[PDB]
$ cat model_13.cif   # mmCIF, C-alpha atoms and all ligand atoms
data_my_file
#
loop_
_atom_site.group_PDB
_atom_site.id
_atom_site.type_symbol
_atom_site.label_atom_id
_atom_site.label_comp_id
_atom_site.auth_asym_id
_atom_site.auth_seq_id
_atom_site.Cartn_x
_atom_site.Cartn_y
_atom_site.Cartn_z
ATOM 1 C CA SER A 5 -29.078 68.666 38.920
ATOM 2 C CA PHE A 6 -32.064 69.796 41.179
ATOM 3 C CA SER A 7 -31.318 69.781 44.951
ATOM 4 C CA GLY A 8 -33.363 69.852 48.119
ATOM 5 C CA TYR A 9 -36.649 68.865 46.504
ATOM 6 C CA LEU A 10 -39.200 66.823 48.406
ATOM 7 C CA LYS A 11 -40.460 63.881 46.337
ATOM 8 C CA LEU A 12 -44.308 63.930 46.147
ATOM 9 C CA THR A 13 -44.852 61.166 43.578
ATOM 10 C CA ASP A 14 -42.850 59.029 41.081
ATOM 11 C CA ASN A 15 -42.396 62.135 38.891
ATOM 12 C CA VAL A 16 -43.434 65.255 40.868
ATOM 13 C CA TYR A 17 -40.978 67.019 43.210
ATOM 14 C CA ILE A 18 -41.437 70.258 45.216
ATOM 15 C CA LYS A 19 -39.192 72.868 46.873
ATOM 16 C CA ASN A 20 -39.686 76.178 48.693
ATOM 17 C CA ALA A 21 -37.683 78.321 46.302
ATOM 18 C CA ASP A 22 -37.838 81.309 44.035
ATOM 19 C CA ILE A 23 -38.072 79.871 40.549
ATOM 20 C CA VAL A 24 -35.797 82.720 39.285
ATOM 21 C CA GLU A 25 -33.035 81.707 41.731
ATOM 22 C CA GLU A 26 -33.649 78.021 40.967
ATOM 23 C CA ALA A 27 -33.327 78.735 37.205
ATOM 24 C CA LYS A 28 -30.148 80.803 37.607
ATOM 25 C CA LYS A 29 -28.473 78.113 39.691
ATOM 26 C CA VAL A 30 -29.597 74.988 37.787
ATOM 27 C CA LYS A 31 -29.975 76.334 34.206
ATOM 28 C CA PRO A 32 -32.524 73.587 33.453
ATOM 29 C CA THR A 33 -33.382 72.518 29.921
ATOM 30 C CA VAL A 34 -36.884 73.949 30.485
ATOM 31 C CA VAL A 35 -38.176 76.578 32.837
ATOM 32 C CA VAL A 36 -41.969 77.034 32.769
ATOM 33 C CA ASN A 37 -43.345 80.540 32.822
ATOM 34 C CA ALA A 38 -46.818 81.328 34.225
ATOM 35 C CA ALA A 39 -47.767 83.216 31.109
ATOM 36 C CA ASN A 40 -50.887 85.048 29.911
ATOM 37 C CA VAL A 41 -52.226 84.787 26.287
ATOM 38 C CA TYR A 42 -50.491 88.020 25.314
ATOM 39 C CA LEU A 43 -47.079 87.015 26.804
ATOM 40 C CA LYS A 44 -47.155 90.322 28.763
ATOM 41 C CA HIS A 45 -44.783 89.403 31.633
ATOM 42 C CA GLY A 46 -45.847 92.163 34.011
ATOM 43 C CA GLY A 47 -46.025 90.521 37.421
ATOM 44 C CA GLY A 48 -46.017 87.269 39.382
ATOM 45 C CA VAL A 49 -43.691 84.541 38.086
ATOM 46 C CA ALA A 50 -43.758 86.105 34.562
ATOM 47 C CA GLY A 51 -42.632 89.532 35.722
ATOM 48 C CA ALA A 52 -39.967 87.973 37.915
ATOM 49 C CA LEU A 53 -38.609 85.700 35.127
ATOM 50 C CA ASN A 54 -38.729 88.563 32.603
ATOM 51 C CA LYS A 55 -36.912 90.949 34.985
ATOM 52 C CA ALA A 56 -34.153 88.286 35.462
ATOM 53 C CA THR A 57 -33.623 88.271 31.650
ATOM 54 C CA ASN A 58 -33.214 92.111 31.650
ATOM 55 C CA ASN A 59 -36.466 92.283 29.581
ATOM 56 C CA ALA A 60 -35.025 90.048 26.782
ATOM 57 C CA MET A 61 -37.909 87.606 27.429
ATOM 58 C CA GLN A 62 -40.480 90.419 26.813
ATOM 59 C CA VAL A 63 -38.717 91.613 23.627
ATOM 60 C CA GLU A 64 -38.697 88.058 22.267
ATOM 61 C CA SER A 65 -42.333 87.523 23.376
ATOM 62 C CA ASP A 66 -43.580 90.695 21.648
ATOM 63 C CA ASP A 67 -41.955 89.552 18.387
ATOM 64 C CA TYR A 68 -43.590 86.114 18.905
ATOM 65 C CA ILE A 69 -47.037 87.714 19.425
ATOM 66 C CA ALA A 70 -46.603 90.090 16.455
ATOM 67 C CA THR A 71 -45.987 87.035 14.228
ATOM 68 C CA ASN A 72 -48.337 84.450 15.756
ATOM 69 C CA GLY A 73 -51.059 86.259 17.673
ATOM 70 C CA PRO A 74 -52.052 85.366 21.219
ATOM 71 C CA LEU A 75 -51.836 81.939 22.786
ATOM 72 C CA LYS A 76 -54.988 80.105 23.934
ATOM 73 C CA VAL A 77 -55.811 79.741 27.661
ATOM 74 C CA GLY A 78 -54.520 76.209 28.373
ATOM 75 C CA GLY A 79 -51.955 76.544 25.582
ATOM 76 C CA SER A 80 -48.245 77.096 25.416
ATOM 77 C CA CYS A 81 -45.270 78.062 23.317
ATOM 78 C CA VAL A 82 -41.540 77.258 23.556
ATOM 79 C CA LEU A 83 -39.261 80.287 23.459
ATOM 80 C CA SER A 84 -35.645 80.942 24.612
ATOM 81 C CA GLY A 85 -34.754 80.411 28.230
ATOM 82 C CA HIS A 86 -32.266 83.345 27.977
ATOM 83 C CA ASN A 87 -29.924 83.360 31.042
ATOM 84 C CA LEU A 88 -32.345 81.101 33.016
ATOM 85 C CA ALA A 89 -32.699 77.886 31.014
ATOM 86 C CA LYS A 90 -32.142 76.436 27.497
ATOM 87 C CA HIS A 91 -35.883 77.040 26.824
ATOM 88 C CA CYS A 92 -38.834 78.692 28.459
ATOM 89 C CA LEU A 93 -42.145 76.916 28.114
ATOM 90 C CA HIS A 94 -44.702 79.732 28.411
ATOM 91 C CA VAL A 95 -47.862 78.043 29.684
ATOM 92 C CA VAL A 96 -51.192 79.852 30.052
ATOM 93 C CA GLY A 97 -53.179 78.600 32.989
ATOM 94 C CA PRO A 98 -56.714 79.987 33.522
ATOM 95 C CA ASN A 99 -56.756 83.245 35.479
ATOM 96 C CA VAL A 100 -59.653 83.019 37.977
ATOM 97 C CA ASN A 101 -59.335 86.806 38.656
ATOM 98 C CA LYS A 102 -60.176 87.388 34.928
ATOM 99 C CA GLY A 103 -63.202 84.961 35.161
ATOM 100 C CA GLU A 104 -61.491 82.141 33.176
ATOM 101 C CA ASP A 105 -62.515 78.444 33.272
ATOM 102 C CA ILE A 106 -60.607 76.577 36.076
ATOM 103 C CA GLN A 107 -61.350 73.366 34.067
ATOM 104 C CA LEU A 108 -58.598 74.598 31.614
ATOM 105 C CA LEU A 109 -55.906 73.948 34.252
ATOM 106 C CA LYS A 110 -55.628 70.272 33.197
ATOM 107 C CA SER A 111 -55.105 71.329 29.543
ATOM 108 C CA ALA A 112 -52.444 73.780 30.723
ATOM 109 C CA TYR A 113 -50.531 71.057 32.635
ATOM 110 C CA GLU A 114 -50.739 68.714 29.613
ATOM 111 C CA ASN A 115 -48.210 70.999 27.923
ATOM 112 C CA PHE A 116 -45.601 69.785 30.456
ATOM 113 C CA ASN A 117 -45.865 66.241 28.997
ATOM 114 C CA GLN A 118 -43.979 67.363 25.871
ATOM 115 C CA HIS A 119 -40.778 67.873 27.950
ATOM 116 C CA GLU A 120 -38.910 65.104 29.807
ATOM 117 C CA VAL A 121 -37.881 67.361 32.713
ATOM 118 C CA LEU A 122 -39.079 70.815 33.750
ATOM 119 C CA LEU A 123 -38.567 73.435 36.466
ATOM 120 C CA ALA A 124 -42.052 74.926 37.014
ATOM 121 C CA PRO A 125 -44.317 77.039 39.163
ATOM 122 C CA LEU A 126 -47.831 75.837 40.163
ATOM 123 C CA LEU A 127 -50.057 76.893 37.256
ATOM 124 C CA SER A 128 -52.878 79.370 37.946
ATOM 125 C CA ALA A 129 -51.545 79.854 41.533
ATOM 126 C CA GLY A 130 -50.411 83.285 42.911
ATOM 127 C CA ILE A 131 -51.847 86.278 41.119
ATOM 128 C CA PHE A 132 -53.782 83.915 38.747
ATOM 129 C CA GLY A 133 -56.207 83.306 41.653
ATOM 130 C CA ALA A 134 -56.675 79.537 41.755
ATOM 131 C CA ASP A 135 -56.292 77.372 44.878
ATOM 132 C CA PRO A 136 -52.643 76.168 44.893
ATOM 133 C CA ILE A 137 -53.689 72.903 46.609
ATOM 134 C CA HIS A 138 -56.003 72.221 43.616
ATOM 135 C CA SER A 139 -53.211 73.205 41.162
ATOM 136 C CA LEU A 140 -50.799 70.720 42.787
ATOM 137 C CA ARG A 141 -53.461 67.961 42.597
ATOM 138 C CA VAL A 142 -54.084 68.670 38.864
ATOM 139 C CA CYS A 143 -50.302 68.717 38.339
ATOM 140 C CA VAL A 144 -49.619 65.267 39.900
ATOM 141 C CA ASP A 145 -52.742 63.796 38.161
ATOM 142 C CA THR A 146 -51.847 65.241 34.709
ATOM 143 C CA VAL A 147 -48.082 65.541 34.367
ATOM 144 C CA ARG A 148 -46.292 62.242 33.627
ATOM 145 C CA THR A 149 -42.857 63.769 32.919
ATOM 146 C CA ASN A 150 -40.372 64.895 35.646
ATOM 147 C CA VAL A 151 -41.626 68.182 37.137
ATOM 148 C CA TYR A 152 -39.669 70.115 39.801
ATOM 149 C CA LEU A 153 -42.056 72.625 41.329
ATOM 150 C CA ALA A 154 -40.721 75.786 42.912
ATOM 151 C CA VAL A 155 -43.137 77.367 45.458
ATOM 152 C CA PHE A 156 -41.960 80.872 46.346
ATOM 153 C CA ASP A 157 -44.032 81.239 49.549
ATOM 154 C CA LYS A 158 -42.720 79.178 52.560
ATOM 155 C CA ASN A 159 -46.088 79.151 54.362
ATOM 156 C CA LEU A 160 -47.849 77.914 51.188
ATOM 157 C CA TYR A 161 -45.053 75.337 50.569
ATOM 158 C CA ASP A 162 -45.683 73.883 54.062
ATOM 159 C CA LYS A 163 -49.443 73.922 53.525
ATOM 160 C CA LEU A 164 -49.017 72.094 50.174
ATOM 161 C CA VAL A 165 -46.681 69.386 51.597
ATOM 162 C CA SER A 166 -48.643 68.848 54.824
ATOM 163 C CA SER A 167 -51.991 68.542 52.954
ATOM 164 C CA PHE A 168 -50.749 66.430 49.998
ATOM 165 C CA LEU A 169 -52.734 63.247 49.644
HETATM 166 N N1 LIG B 201 -41.192 82.977 42.194
HETATM 167 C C1 LIG B 201 -42.247 83.769 42.339
HETATM 168 O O1 LIG B 201 -43.417 83.376 42.388
HETATM 169 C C2 LIG B 201 -41.997 85.220 42.437
HETATM 170 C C3 LIG B 201 -42.899 86.289 42.320
HETATM 171 N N2 LIG B 201 -42.292 87.461 42.386
HETATM 172 N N3 LIG B 201 -40.986 87.155 42.574
HETATM 173 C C4 LIG B 201 -40.010 88.230 42.715
HETATM 174 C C5 LIG B 201 -38.660 87.686 43.110
HETATM 175 O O2 LIG B 201 -38.104 86.883 42.069
HETATM 176 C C6 LIG B 201 -40.769 85.829 42.605
#

$ encode --input "model_13.cif" --output "structure tokens"
Amino acid sequence: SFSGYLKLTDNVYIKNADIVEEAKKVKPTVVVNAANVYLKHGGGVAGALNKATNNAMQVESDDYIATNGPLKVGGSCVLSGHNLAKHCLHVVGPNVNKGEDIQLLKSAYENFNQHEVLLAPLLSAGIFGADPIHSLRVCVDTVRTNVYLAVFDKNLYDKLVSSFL
């Protein structure tokens, strides 16, 4: 299963790892994507996960959007995990750089509770503009299922572990 994770709480674990490499090695049941409402996987975790699927994630996502319309900020959808996982849970955290409500981060993490175990990034962190320390706090206070967080940046990983209350 997952290896080298530091245990933060009863159910939250964390590792300094590229979620793409973690997904390829583990092939978890669920990999979480840091999605936007349009499922346009252009950069950040989304661009990296999509590029690992050879764009199959984007092709599937465009068909999903053509049929269903955009997701809500704080919402999610379950699609294929392609070569990375059985499923990909596309979760839309608020993007602070697009002036979205940071209060929606708790709603976004609530989506994780529908899956017993997940490999995930910190929602709204990175190019989404939120404070990753705040995202980790909302994660451990909202997610009750088993979440294995992959933090790409080593310096940030150390900052998150060393400041975790
Ligand atoms: N895991 C990440 O946050 C991330 C962002 N870009 N990339 C490119 C290499 O996979 C990885």

$ resolve_selection --input "model_13.cif" --expression "the PyMOL selection byres (((chain A and resi 76-92) around 7) and not hetatm)" --output "ChimeraX atom specification"
/A:27-28,31-37,41,57,74-75,93-98,108-109,111-112,115

$ residues_around --input "model_13.cif" --residues "range 138-146 of chain A" --least-positions-apart "4" --cutoff "10 Å" --atoms "all atoms listed in the file" --output "PyMOL selection string"
chain A and resi 12-18+97+106-107+109-117+125-129+134+151+153+164-165+168-169

$ residues_near_ligand --input "model_13.cif" --ligand "ligand LIG 201 (chain B)" --cutoff "12 Å" --atoms "all atoms listed in the file" --output "ChimeraX atom specification"
/A:19-28,35-38,45-57,123-132,136,153-158,160-161

$ closest_residue --input "model_13.cif" --among "A:10, A:147, A:100, A:137" --to "residue 119 in chain A" --atoms "all atoms listed in the file"
A:147

$ atom_distance --input "model_13.cif" --atom1 "CA of residue 44 in chain A" --atom2 "CA of residue 105 in chain A"
19.9 Å

$ atom_distance --input "model_13.cif" --atom1 "CA of residue 61 in chain A" --atom2 "CA of residue 103 in chain A"
26.6 Å

$ atom_distance --input "model_13.cif" --atom1 "CA of residue 102 in chain A" --atom2 "CA of residue 133 in chain A"
8.8 Å

$ axis_aligned_box --input "model_13.cif" --around "range 123-136 of chain A" --padding-each-side "8 Å" --output "lines of an AutoDock Vina configuration file"
center_x = -47.6
center_y = 79.9
center_z = 40.7
size_x = 34.1
size_y = 28.8
size_z = 24.4

$ closest_residue --input "model_13.cif" --among "A:150, A:62, A:159, A:166" --to "residue 6 in chain A" --atoms "only C-alpha atoms"
A:150

$ residues_near_point --input "model_13.cif" --point "(-32.3, 70.1, 40.6)" --cutoff "8 Å" --atoms "all atoms listed in the file" --output "PyMOL selection string"
chain A and resi 5-9+30+32+152
